[PDB]
Every structure is written in structure tokens, then in C-alpha cells.
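In what follows, a structure is listed as C-alpha cells, so that the remarks can point back to it.
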Amino acid sequence: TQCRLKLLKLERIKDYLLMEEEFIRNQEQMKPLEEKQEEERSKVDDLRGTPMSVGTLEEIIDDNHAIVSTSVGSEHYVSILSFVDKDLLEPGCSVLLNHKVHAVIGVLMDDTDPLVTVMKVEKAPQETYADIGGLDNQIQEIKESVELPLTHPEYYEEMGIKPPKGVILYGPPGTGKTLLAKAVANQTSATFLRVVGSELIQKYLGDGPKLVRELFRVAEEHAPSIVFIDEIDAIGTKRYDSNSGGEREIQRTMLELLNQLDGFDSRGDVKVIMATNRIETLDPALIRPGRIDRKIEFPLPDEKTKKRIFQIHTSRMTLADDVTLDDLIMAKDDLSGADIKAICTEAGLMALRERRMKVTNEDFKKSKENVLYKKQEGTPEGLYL
Amino acid sequence: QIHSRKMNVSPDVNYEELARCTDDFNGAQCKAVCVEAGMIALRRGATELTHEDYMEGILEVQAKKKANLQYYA
Amino acid sequence: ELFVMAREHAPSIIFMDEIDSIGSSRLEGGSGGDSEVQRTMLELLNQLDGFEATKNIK
Amino acid sequence: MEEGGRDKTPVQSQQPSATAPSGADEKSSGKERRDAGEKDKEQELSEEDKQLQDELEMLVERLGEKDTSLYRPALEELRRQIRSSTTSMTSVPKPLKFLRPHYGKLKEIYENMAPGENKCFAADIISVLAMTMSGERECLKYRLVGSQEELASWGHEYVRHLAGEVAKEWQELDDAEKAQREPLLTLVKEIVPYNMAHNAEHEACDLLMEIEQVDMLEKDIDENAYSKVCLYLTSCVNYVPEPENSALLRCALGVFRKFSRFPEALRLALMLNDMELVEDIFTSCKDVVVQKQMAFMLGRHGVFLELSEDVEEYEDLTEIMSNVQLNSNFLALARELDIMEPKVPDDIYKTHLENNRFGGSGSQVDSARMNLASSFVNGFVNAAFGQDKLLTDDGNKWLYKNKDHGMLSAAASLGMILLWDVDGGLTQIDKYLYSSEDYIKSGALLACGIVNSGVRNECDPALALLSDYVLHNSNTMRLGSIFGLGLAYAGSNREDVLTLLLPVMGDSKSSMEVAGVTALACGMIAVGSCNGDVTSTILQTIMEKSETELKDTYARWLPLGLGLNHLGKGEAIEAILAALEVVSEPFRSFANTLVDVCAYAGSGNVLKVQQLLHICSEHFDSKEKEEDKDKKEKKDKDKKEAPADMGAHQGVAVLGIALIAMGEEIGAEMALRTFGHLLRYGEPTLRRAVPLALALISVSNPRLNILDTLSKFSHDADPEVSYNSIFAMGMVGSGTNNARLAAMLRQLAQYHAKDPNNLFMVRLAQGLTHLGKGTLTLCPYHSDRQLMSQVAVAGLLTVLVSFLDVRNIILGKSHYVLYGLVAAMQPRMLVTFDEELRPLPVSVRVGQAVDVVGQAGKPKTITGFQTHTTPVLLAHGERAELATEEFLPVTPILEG
Amino acid sequence: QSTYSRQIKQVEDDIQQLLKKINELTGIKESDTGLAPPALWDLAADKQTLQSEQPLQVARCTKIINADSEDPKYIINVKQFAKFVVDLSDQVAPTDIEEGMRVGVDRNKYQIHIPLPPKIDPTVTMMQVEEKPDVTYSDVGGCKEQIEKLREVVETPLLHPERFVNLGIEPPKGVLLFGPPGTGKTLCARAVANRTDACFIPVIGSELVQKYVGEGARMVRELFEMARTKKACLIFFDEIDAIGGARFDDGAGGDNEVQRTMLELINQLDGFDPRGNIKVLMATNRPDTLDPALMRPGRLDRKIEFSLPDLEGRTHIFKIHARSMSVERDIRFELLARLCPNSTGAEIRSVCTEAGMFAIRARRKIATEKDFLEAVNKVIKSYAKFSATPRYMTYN
Amino acid sequence: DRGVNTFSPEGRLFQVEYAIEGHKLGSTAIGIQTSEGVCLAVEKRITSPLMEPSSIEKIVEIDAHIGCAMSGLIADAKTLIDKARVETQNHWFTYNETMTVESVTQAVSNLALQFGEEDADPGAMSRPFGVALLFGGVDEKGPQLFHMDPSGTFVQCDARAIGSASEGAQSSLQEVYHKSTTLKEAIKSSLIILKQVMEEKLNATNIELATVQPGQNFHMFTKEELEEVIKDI
């Protein structure tokens, strides 16, 4: 264990010291690096000069040429300049070209797009793990699928199965489906990428599947990852009729996500947690077992689970004896986690209307009515029961 | 008749003969079953063709998902 | 990308508009084109950075 | 916290019970700590037992959850209580019981904090506790493996504990055999192989092997776990010096040769450098497993797999020794004997020629420097052995026309082209041996050495022919004969070879100036075996330097031989040294110094330290100058150490050249010239970058001869990827023309690099591991340090003679073909946990035919799902076989 | 040891300070040079720098009409779509540039040095491509009845056209693989691909649809042709309802962009030419979207349905998968499969995966009966209702 | 969209194909016919033994010399057997002979498929049955066992097992049963296979046994006799 650390260190000491030692010492003694080493530094620096046009490396061709498309409105099949390497130009990265005659001087920039910025979402949530009470079983299921192979893939790939991936979150909406992905994500310490399913279908024509590729590619590079795809239910439910891409757009997008997931691609370390309303309203192409090994159906939240969530919100809220938790929970029926959150947020807002910075039993009682109607409403149901 | 010269065709059944029992079929269909019949035979290691290779051929064109003619007995 | 930029020039308002006489050919099916935009925006807006308990972009 | 759980009777308290050991418990923490000390043991004994059961139950409940918040602080608080006084003092039964969950508590801390301090501390506590409990740790691990659920975290934790035992801080042999390692190996291959490697626990694994073979077969990869134990062991030189490791490698080698996986055994015998060890690796396989299978076969197969240098069989220590054990092994006397004879490994090479085709287009053109130039070029195009046959047959153009030293040079390179012929190349050398001046006959002798190795294995040996030749009164013929002798044996220990070296070069008074090469040939025999310990080489070198140090060639060769003769051992040098002292000179004082360095050499940290107190950056006259380059290379060491240490060596190789230039300005040109060969010896993990970088610069710097040295490594994997590299180099050489003398060096460089497609690649690695020795790279290596290389020195320098055999597929159940055989490829890799680097035997089917490669071929494995089997010989195809071991004595995997 | 530990922390700063010297010598950032291959290339490279071969601007030659003033001229249209009349730089003959062929011209001096490789304009299609993948052979179910039927058509001409000519049978063309998601159209195709050992390009059609109408179409023809030229090529077209959808318009939408590309694929498979011996496989998500041109024999000789793997198939997928896995062997793998309802191939495997996970979870060297029962009871209820198949199958 | 009443591209009906797989969710029927009686064994399919075995019925008398054990989709089966009782009895009533096992089997097989969302009404089907029946009884010729499946195929059987794995239930039969064997072994040969085809245990509240024998009507096994047979594995 400790002994290993010494071996790894052994490669790295030699790498810094050798580069330092060789550059200065070898120009000084005989003719090894000497005239040649200056020559590479100088030639590239002069050719590059002022200005340099930026281009993007589309492809590399095996005959000391490359297909660069330049940001000047002209594409080029460049010739390599003496003392620059063809095979250090990544297809992920954009390259810099001398703008007088088109040859790759070098890569000072890899460049950046607003397209990257959508996939990468940083989370630092107000509610996280141990801010959720009750429905304890549901969290344990998620973890066996997502956390355990992601941390230690070695047995899971080794046994012979592909690693069990992901979970499908369906049942009564409002249980706290969104809190759960964000909370489990912190514990595992996986890079959390959030992207809406409806955002993938958009006006632009052919941009739609390209974006889905990027979403997967970026998740993979980041390394441990979970992709929480919020409101994926959206592609299926709606045939939008407001996109110029049309019905064509919806078709081509839907296939690409499947391809990127496993497919023939068979990318690993990328768990997808799918938030849906129901998976009976979800598109039948997307849904299919064996990409997602486990499906979890939340029960209707009971009176019991509800108390634990509220004690946390009471701790976050102004403290008084005028906070009456029990009364609000009791009155309500067997209904979502969301409501406990809604009663607390509407209660603070309500206070501002009064010209009071206090949240008392009066704000809560008023809040109980609005939250209950909006969410499902008990007076229809009371007849049928 | 044009096809028999190129690759072997069984005495037992010819596509013309086969068509009489069944119904009509298009010319591309007749050559395709025929090439496919040879394919089973090539696979076995015989240049000769049997009647089974052609019958298997009809079955090769159809779809399958429960592969049972003892439920469709 | 919009939230960010809007943040730089805070406060900002992203505006969404329906009057149903402009964009009357985007009211059917998904039931409003403007609705897709809203759905997506609120959902990302829900949690990014430390911006759930702070608000300056509506 | 949430006080009470198990110390409370109501129905409700079960939920707080899991949580509670994190803060504090009512009595359960106290049971081991407070209640045990304050009260007396026996009054207390009833309560403690009941509570003991409940702490066990809590462990099981915590595994039920997947949470670390509940797992870690809960087991930690409980530990402290145990340590105080329920450790050994309560009673005879009660300490065994308390100690069982104690182990569980311990693992998480041991594993999680990685540091050196944490490491030693845990071993102290674990060992004393193991002895007292007396075997409860073994049941504990097995129950945990079964469980109902556990955490991923725990997977890493349980193995770590096995390390406390291996140290023996309070142990000495009591519970130094298993903590139930066997399921533990299977699940996870990580920390456990290190623990095993140091303990000498590895003996038990042979007894266990019968059970393990099922898991190794199709179910898992247990096989990866043992190959890892071997990586840790060889690595242990780097970790801690060669003398400390040397004892260890011996004990590790006996368990592996006994084990069914033979390549691991083969690597370690090759490192130690002993006669006894080799015969045992050969014989042991056959005896331990009585079933015919692969087992009888593995002894021969491992010798063929061994590739370190030279011709067939390669090491050749092993070739002589494996006879006598041959008769005992008895697959059949007539067949086993014939397979072991180098006559069967020659035939297969003939087929590969056909595939390669003519590359030859070189000069053979008469008169001037071109005639000398031509002789080196004809081999260089078809390096090792290819289709160069037409040219070699034709005596008249190249061989005969040369004058002076050029004749010796022409003849000497010839053997290397004729490489791996039973006969018909021997006919060819014999015809020259009779003809022309002394130069032809002597030159013919190195070449003779090469072809005649073809019929050997203690029946008509290579030694037999060479023995008559050596006797010759003329200096030149005798030199060439010993050089020829050294080439054949490579590094062997044998009575005859040693005896021919004993009187030869018994004077420092010799007509020619190439007499010094006698000492090198002798030096070569010593390494790669038990040392030669020849008197002539030691005594003479000190007298030679005193008569003359004016000839830069002559002066250098004799001390280079002394430094090599001593390598291979520390112990042996003492006998010869003792003699030397009788003759005392100022020169001798320096000879003595070399012995210190020689014995210490091959260490991973001792050797490094020595180089501040150096013999570079000093001249005492020029005595110091001759060996100073040799020390800096550290070339043996670089090859010897594991695949893991190669990554490090890529900087080391460069580091050593840099060191010579700084110290000594004149030495700077030399250092660069050595460099091309240094990489050849090294066979580093990534081969592509280094020679190409060097190749362009080497035209500018004085002595274009550096470029010639560069070309040897430079072709790397023979053209598929290298097509760009070999074409560009050749062009750089050919492009600049300034003199006939310059053209010739550049012309050697162009032609060497330019090798036709699918040809034998540059290698001194084993082709599973980049482990080996070099005592044939030495023949150019030595002659590459001679100031302004002569025509006479060029001749010595020309030979390759070390490159791959064409068979990289089934030897199996007696096959020995080039004819195709199926293989499986894994598109999805998991493994980096096998030293050799063979991914899973779960297989996806692909077509037949694995042929020579240098680098890569790692994902290429042999199918083991077609009828379900596991590889003995870990498959890569570099010089790794696609062969398997299954119950059956015939391969269920039929030739494609 | 303690000395050694200090260096771990240190090396990171030490590489950062040194970073302008590292950059110049090894590569990336300031003064990108590799030192190993651009060094070797340097002498050849000098020829190109001196010339106006930089720039050598992307173009395709429309017609090679030579005319006066400077005699060797070619009429070229650049990929951004404007024509230039150019000159010949002496380094090739007028023979080398040919009408319709891709060619390089300068921007500063318009003239051809070396012609540019033809037809490799899609980069987007290349993005997806992995040559010869497969999860592992064990998950397939190994040899199924489904796999064997696929080999007769697929493997056999690529491996040997010799046997085809000898018997005198026309060589096959098309296999149409169909079924709702997760019946493994792609999984079987990968398995046969590896076996035949022909070069393998699989591609999603969704990247051969890009920008507007007609650009995606250019990508499909050039790719297909290129493969056709290549001897012993196998193309597995993965999931096409993105170059494979329905043909209509209603004049409130239109399928056009999709149909331009789909039709371009269909045309190319056999061609208006006899046929090649290079194989095409199509994987489609609907059998309900296909037009008759695709269906004709000689662009589709036999239809094979991989939909809901057969009675034999359900048990083979579990046992061959089970074989690989460390599992209990006192449970009948077939009983678990049989329990599975109308199983898609993906669904049978879902039991094994869920079963094994519980076993890994414990960290046992087998599995237990309990892991299997919870898995299978769960799969029968929920998963089957929630498969692809109930919704898709009725439609189809 | 199109029906389940349409043909697949295989040239087979979609709805019939689905029905066989449906059987596999539920209960088993094992009938072994020996020349000393026809025995029927079927699983009660329990969740606990605390589920009364007082009047769980799944082996029911069609006639008093013919019994029937059901397998497959248990719900669909309950109405098929109730119906089967009236039709056999109309036949018993008119002919006034002891019904033959083959006549009951043919009669119920045409009712399997009348499906269709056209050319059918509420008394007719709009779905095929996925119930496979084993009718076992003794007639004038002697003991016969007939197997009926959703495709209407009727066949003579000496031992037929269908269950949770139809395939599974059968493979065990070959292994245990042999053509000429005693009644007492015939009952036992069913208890050993019964387990194999179930994924569930051997409990007395979880198996149900009935024998129809010469000169002897359909008999329902009680808790004591249910135990005698459980002992025989």
C-alpha cells in the first residue's frame, strides 16, 4: 500500500527534473538539442506572429495534412509546418492557425462554447442528505443500483453482467423525487449534470441529436457521473407542433439517447436517474428493461413520514411555539412530500403581505388551503371514499 | 430454367412446381428462395440440393418469434 | 447560458408572452410553444449553483 | 447518538440501536470498558456474554444499510473499549469472543487512512490479537462474505487486515496461514497480493490450488490475483535493495514452479542467475501435477517462451540443465528430446521468410569504401532472419573483394543473416573457414558460432566445433573463436565453456588490437548464469593498462570485461579478487573498487546512491574514463525490474546520458552514441517516441555513428505503424551527402531502419513482461564506445541475433505450427490487475492467426468460452502463446 | 521514505513552474512540437512551407477544362460553394486531378499541389463509430437459433466469395432486422461482425441527418460508396427511424428531410448495378414505416424478425448469461426465464442483472435462492407491463 | 394501429402467440394416467398456510367420473371450467353413459378461439383463452388423460405436465415416470415434479390431490391424505 506510493512517485520525480535538466544543459554542451531546439521555438513563434486565425480541427489525415475549418469563412486542407506535430491536435480541441498562410502553428486554445455550459450544472442544495425523513427504503434501492458499482466497478463488470445502471423514479409526483437525486449525488460524490428532456427538441434542425451526444460525452469525461434527467416525460407526452424541426426532430432525438446510453457504444460509469411523472405516460421506445435494472414505485406518503420532514423545515424556519406542525399534517390526507415544502415556502411569503417578518400559526392555516387545492384537493375525494 | 444451369436444383421440387400448390409469387421472390436453398446446402458442404433446403427457404423468408409449428400443428 | 448572462446584468426578467394572435400556429399540440420554454427554464432554475435560496432572475 | 437500543427492552428502541454506538451506549460500550475493569471478571461474565451476542447482531444490521454515516463512527467508538482490558485477561474463552468483532472495527481505519505511520501501528495491534483469539478471524471473514447484504466500502476493508498478520510484530508463525484469504482473493484483487508476497503465505496457495482452479476457469479471474503477488515480489527490489529481495525471490520461485501457472516461475529463476534453479523449473511441473495435460509440457514450453537474448532456447543455462531431468520427465524420450533440440525450433522460422519477402535492394558494389559499406547493409535490410539468402550464397561480390580488417567484418556479419539454420548456413561458413587469409577464417568463426547453435542440446553441440578452433596459434583466429564461443553459450554455466576461456589471452602481448574482445566474450558467459570466474580476464587487465593506454580501443575493452565478469553475483567475485592482489600496481587499486560496485549492482536504491561518489567527472589518468560510461547506463537493472518500473526507466535511460555529458565533455559524444543501444536493452513500455526524437539531431552532432546506433532500436515494431518512421529516417541520411565516409554511416542507418513488412521485431523482453537479461546485446554494446569507430570494430558491432521466434500461438498438446488458430478479443476491458495484462476469458469470437508484434497485442487473448478453459500461458502474442490448460490432454480449441 | 513523501506534494508545483520549458520541448500550450514525429518529418516538411502548398483550401473539382494564358487549369467549386479557375503547381501531372474528384487549391495562389482524398466529408457519422464492439458474448445467449440464421446470409460471402461463384449462387444482399426496442437487433449484428472478422462500421442515421435538407443526403451517398469500394465490408445501420421513417406530407408539416435521406440509402444498397458482395444490414424500429423499394429481394432477400426472442431463446439467454456469472446452480435458470412474460431479450437479461446485483451486494462467490426470487417476482409484475413491447407490438 | 386480430409478418396470429406466454405466470396442472386411475395434482398457489384449505377449488369435478385440473391464467380458467360442467352434463344427461375423456376435450377446444373485435358479441370472446386444461377421468374403454391448449389441439396423454415452466414441468417427467407403474408411484411422481415446476414449497395447504379411478368417482383429498402424498416424493 505505502510501498506503492513510492513507485508512482518514482516516475514523476524523473519527469520534472529531466525536462528541466535537458533543456538548459543540452543547448550548452556539444550539438544534441542545440540548434534544432532553438529552431522549433523560433520558427513557430515567428510564423504565428500577429494575427492568428482560430480554426477547429475537424479531422486529421495520414499524409502530414489535416482538414481544419477556419473561422474566416474558408476551410483548409493545411500542410504541416516544420516542427509541429499532427498527432497532438485532439478532435475535442480547436487548433490555432497562422492566418497569412494556413498551416497549424499550434494549440494555445482549446476554445469553449455555450453548448458545454448546458450539460455542466453545479449543485450546492439547501436540502440535501438527512433533510429528508421517512420513505427510508426508497433511498436504499437507489444506492444499490447507482452508488455501489460506480464506486467499485471492479466486481460488477468482472462477474459477467454489464453494471446495473440507474433507477426510474415514478409514482405519485411530489414525493421528493428531485431532492433524492441531488442528495444521493453528494454522498457518492458524482459529478451532477442536469438537463431537461424538453430542451433537447428545439427550433434548430439537426442540432437535436448532436446535443444528446454531447450530454453523454461530457458525462463520461467527468468520470464518476450521474446524469439526472429532469422531466424526460415531456418528449413523449407532447408532439409540440411549434418546432420547425417537426415530428422528424422528435424521432431522431429519441433514438440518439438510446445509442449514447449503451447501444453499440456501451459507455460505462454513466448512470441515468430518470425523473418522470409516471412511466405509463412515458414513450415506449425509451422505456424498456435491461438499460435500467431497477424501477422504484413510491407509495402515497403517510402521516407518519410527513412528521420527520417537517421537523427539518421547522429547524430551517423562524423558531416559535406558534409553529404548529401536527395540526397541518393531520388534516391533510395520504399525499406527497412536496406539500410539506409548499406549506413552509408559502407561509414566509404570506408574512410579507402583512408587513411582518414573523411566520406564525395564522400564515400556516391560510397556506394549508391553497396547497391542498392546488395539489390534488380532498373535497372531490371524500364522496368516492 | 436459367437459374438451374448456374447452381444445382433438386429433382424433387423446382419453384415452378412449388408455385402450383401455393399461389403466385414475383420473379425476385423465385430467385431469392432459390439462392437461399443453395445457401443451406453450401453450409452443409454439399453442392447438391434437397427438397428440405427449399422448404426451409419458405420459412427463412417468414418472420419468427416463438418458432413452433407444433402449436400451429 | 441565459441565466448566467442575465446574472451579470442582474436583476433581469426573462419574459414569456402569449396573446394568441402572434404565434397562433404554435398554440396546438403541446399546447403552446411558450410553455416548453417555461418548463425547461424553471426546472434548471430550481437548482444551479447556490441560486435556490437566492433570486434576482425571474 | 440516540441513547439506548439494545440496552432498552421496548419494541420501539430497535431503530435507535443501530445509531447508538456512534455517540455512546448505556452498558454496551461499558461492557468491554467500564464494567469489565471496575467489577471482577467472573461476576461480570454472565452479563458480558449476552451483550456480546447483541454487538454481533449490530454489525450485521449496519452491513444491512449502505450508509457510511452509520457504519464508520459506530465501529470506531467500540474499539477503544476492547483495547483496555478484555484483550487477554478476562478468561480463557471470553477474550476469543471479544476479539472476533474487534477485527471488523479495525479494517475500516487501516484501509481508509493510507499513510506509513498508520500502516505500522495497525500491524502491532493485529498480530498480538490474532495469536490470542486463535483462529476466529478465519470464521469472521467467511461469515461476512456470505452475509445477506454488505457495503461496497467493506469490500476494500476486509482484505486490508490480512496485512497486520504478515509483518509478524507479535507473531512468528502462529496464524501466519490465512485470515480466510481465499474468498477474499476471489472477490477483489488489490491489497491482498502484497500481504501474501511478503509473508511467505504463498506456500499454502499450492495446497489450495485444487479448489481455486474452478474459479480461475470461467466463473471469475482468480488467476489475475496470483499474477499480482508476483508483480509485488519483483517490485520489492525497487522498494528495498537487491540483497534483501534475493532471499525472497528464492522462496517465491519454489511456490510458483509448483503452481500451474508457469510464466511467473520463469521470470524469477531468470532474475536469480543460478544453475540449480533452472533444472528445478523444468522438472517440478511434471512431478507436482501427475496428469499428462499441459503439466509435463510446461517445462519445455516455458524455456521456449523465455526470450531474453540469442538464438533458440535463448538463456542456454537452461538448455544444458534440462537434459538429465529430460530422461525423468518422460513424455516420450524420443519426442521430448527432439522438441527440446534446437533442430525443431529452426524449421518454423523458414516459413516466416516467405511472408516477409525481399527487401534487398542494397549495395553489394565493388571497390572503395562501398565494398566495406555493402557488407553491413546486406543483413541490415532483413534484420534477424528474412529472405536475404540469395545475396549470402553469392560469395564473390561482397565477402572476397575486401582488404585488411574489412575481410573479418564481411565474414562476421554473415552469421547473423544465416541465423536459425540447422545446416546449409554451416556449409556456407565452413567453405570460407578453409579459404583465403587469416582474416577470412577468424571472421568466419563468429559466424560459425551463430549457425552451429542449431544442432545442440547435448548431442553434437555447438561447443564441439568451437573447441577444435580455439587452439589456433594465430591471434586473430583464436580471438574470433572465443568470440564465437561467447556468442553461442550467451550466459551459461558449463564446465567446458569455462575451461576454453581459462588459458586464452594469457598475455597482454598480442599482435592484433582486437585481443581485448576475448575478455568481453568471457564477461558475457558470467552474466545470465553463475559467473565464469576466469583467472585470465582478471589478472591481465591491470598489466594491459600499464603497458599501454595510448590505443583508445585496446585500453577500454579489458576493464569492460572485468566489470561484466563480476556481474551476476556478489559472492563469487571474492575468490578471483583474492588472487589479483598478489600482483599490486596503482591500476589494481581501481580494479578493487569495481568489485564493490559490481556486488551492489542491480539494487533499486544502493546503485543510485553510489553515483554521487562516482568515477565520472574524474580522470586519474584515463583509467576512470573506461568504466565510467558503463556505470551510468544501469542497463541490466532497467530490463530486470517489473513492467511497472518501465514507465520510470524511460526517464532513467536519458538521465544516464545526461550525466555523462555533464561530468565529462569528451564523454558527451560517446554518451549519445551509447543511447541507441541503451533503449534496445531497455525495451521500454513505450517505444515510439524516444529513438525518433534522437534520430534527426544525430545527423548534426560529430560522429554520424550515433545515427547508426539509433537505427537498431529505431525501426521498433516492424512496418505497419512504423512505415512513416522508417521512410523518414532513411531520407534524412540519403538526403545529405558531403563525403563517401559520411555517406557510409548514414547509408548503414537508412538500410537498417528500412526493413520490409512483417519482420522480426527488436526485443530482449519475454513478450509477456518486459523482464529479461541481455548478454547478446553486449556484442555491439561494448564496441560502441571506441573513439572513432574503425573498420575492425564495425564488424563486431553488426550482429543483431536476439529477435523473436515466429511461433506466438499454440505449443499446446504438441502442435508447434504457424497454421492459424482462433483467438478471442474483449472489446470491454476490466483488467489492469494482471501483471502480464491479459483481459477476461469470457471472450467474444473473432478469426484466426497471431503473428509477430513487438508493442501491443495486449487485448488479444485465446478463447476460453468455446468449450470453457483458462490460459496457463498468458496471451499477448509478442512472445506469448495462445495456449490453455484444461482437464483434457488435447486442446478442445481446434485450429482455425 | 519521509523524503520521498515530500516529493509527492512538490511535483505538482514543480511541473507548473517548469511549464513554459515543458511546452516547447514535449508539446501542447506555447510552441507545440512533439519532438518525436515532426522532427523526423522535418526534411520533407520544408518543401511544403517554401511553396504556396499552405494554404491548400478545401475543394472538389467540377470539371478539368484546360485553357490558355496559364495552360494547366481546372474548374473547381469549393465546399463553401463558389468556383475559382486555378492552376497546376508542378508536382503532379494533369492526370492526377480528375473530374468529380476531391482536390486541394491554394487561397493565396490558387493551384494544385496534391489532390485531396475523395469522399470523407462526414466527420459527424465517424463520431459514433467504434469498430468491432460487443458487451461480451455470454449476454447474447451464445448460439441461439436467431444467431445461426443471421450467419448464413451475413458471414459467409465476406469470408469466402469463392464458395459462392463455385456453386453458382447469386450472392445475397439485405437482411432487415426488426422488433421493438430491446430485442437485440444490434447485439446479434455485433456478434456476427466479430466472427466474420470483416471491417465493421456501425453508424446511427441520426448524425447522417444534419443541418438542412440535402446535406445529410450527401453524407449517406458518400459513405455508402466508400464502403462498397472497400472489399469485405460489413455495415450495420443502427436504429433507423431517423433515415427510415414514413413517406408522406400533408402540407402542414412534412417528412421530407427524413425521406430524402431514407430514399438515398435504399437506392444505394444493390444499386442500379447488379450487386456487389459487400453486405448491408438495416435495423428498423417499426415494420410499419417501410416502403416497397426497400422490401424487394436483392435489396432484402429474406426478412428476419428478431422480435421477442423465441421459445428456445428465452432459456438460452439466461443459462449462457448465468454460466459467466457466479450464481447458485440448484435453481433452474429456465424456470426464471419461463416466468418472464412475453419476454423481450432485454427483459430476460434484466432478471440476471437484478439477481446478480443482490449476490454482489452480499459479496458471495455464488448467489442464493432469495436473490433470484425477489428479482423474478419483481420482473414479472412491473417490468413486463412497462416494456417496449405491449405498445409497439399491437401497432406493428 | 391495427389489431391483435391481424396476422404478424410471420404469417401467424398475434393474439394466439401472446396467449401461451400468459400461462406461465400461474398455476400448474400435472395429470398422470395409469391403468388403475387418473390422478390430478395442482397447486393451490398460497401466500400462507393461514389461508383456509376448506374450499379452495382448482381441481373441480366436470362429471362424477371425469375431473379436471387447470393451469395457466387462473382467472380466465374459473369461468371455462364452470361452463364446461354444464356442457358435459348436457351430454351425460342425453346419452346416459359415462362420459369419455376425449369427448369433453374436443367440445371445450372450439370456445378457446372465437376471438375478434368484429364477429363477436358479449357472450362470445374478444380475446383468446390462455388456459391449458388437463382433463383426467375413467371411461368405458378405461383410464384416459387428455390435454387441451389454447390452439385447440387435443391429444392423448399417458403423462402430461404443464405449469409455470411448461418446459420445465415436462423435462422432469421423463426422468421420473415410466410407462407401466403403480397408482401409488403415480401420485408420488407428481409430488417430485410439482416442486420443480413451482417456485414455491411443499405444504399441505399448497398442494391439492384428486383421483378418479375404476368404479369410483372424482375424489377430493383431505388434509390427512394430502399429507400421505406429500410424504411420497
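In chain E, numbers come from Swiss-Prot; the residues present are 38-433, in order.
So how was this one determined? The header says electron microscopy, 12.3 Å.
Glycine is treated like the rest: Cβ placed from N, Cα and C.
According to DSSP, E:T220 (ATP binding site) is assigned to coil rather than to any helix or strand. According to Swiss-Prot, the feature ATP binding site maps to E:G216, E:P217, E:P218, E:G219, E:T220, E:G221, E:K222, E:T223, an assignment based on sequence analysis.
Close to E:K116 (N6-acetyllysine) in the fold, though at least 6 residues off in sequence, lie E:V95, E:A96, E:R97, E:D158, each with a CB less than 8 Å from its CB. The annotation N6-acetyllysine is assigned in Swiss-Prot to E:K116 (among others).
Summarising the environment of E:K422 (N6-acetyllysine), the number of other Cβ atoms within 10 Å of its Cβ, over all protein chains shown, is 11. DSSP assigns E:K422 (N6-acetyllysine) to coil in the three-state reduction, placing it in neither a helix nor a strand. Look at Swiss-Prot and you will find E:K422 (among others) tagged as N6-acetyllysine, backed by similarity to another entry.
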If you count the other Cβ atoms within 10 Å of each Cβ, which of the binding-site residues E:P218, E:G221 comes out on top? E:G221
Which of E:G216, E:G219, E:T223 (binding-site residues) reach within a Cβ distance of under 8 Å of chain A? E:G219, E:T223
CB-centroid shell, 8 A cutoff, ATP site E:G216, E:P217, E:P218, E:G219, E:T220, E:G221, E:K222, E:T223, site residues removed: E:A320, E:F343, E:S344, E:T381, E:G382, E:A383, E:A425
Which residue, of the binding-site residues E:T220, E:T223, has its CB surrounded by the fewest other CB atoms within 10 A? E:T223
Between the Cα atoms of E:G216 (ATP binding site) and E:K422 (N6-acetyllysine), what distance do you get, rounded to the nearest Å? 17
Rounded to a whole number, how many Å is the Cα of E:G219 (ATP binding site) away from the Cα of E:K422 (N6-acetyllysine)? 14
Pairwise Cα distance for E:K422 (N6-acetyllysine)/E:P217 (ATP binding site) [Å, integer]: 14
Which chain-mates of E:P217 (ATP binding site) that are at least 6 residues away have a CB under 8 A from its CB, listed by sequence? E:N322, E:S344, E:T381, E:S424, E:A425, E:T426, E:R428, E:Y429, E:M430, E:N433
Test of understanding: give the count of other CB atoms lying within 10 angstroms of the CB of E:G216 (ATP binding site). 28
Top of the binding-site residues E:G219, E:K222 by count of other CB atoms within 10 A is E:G219
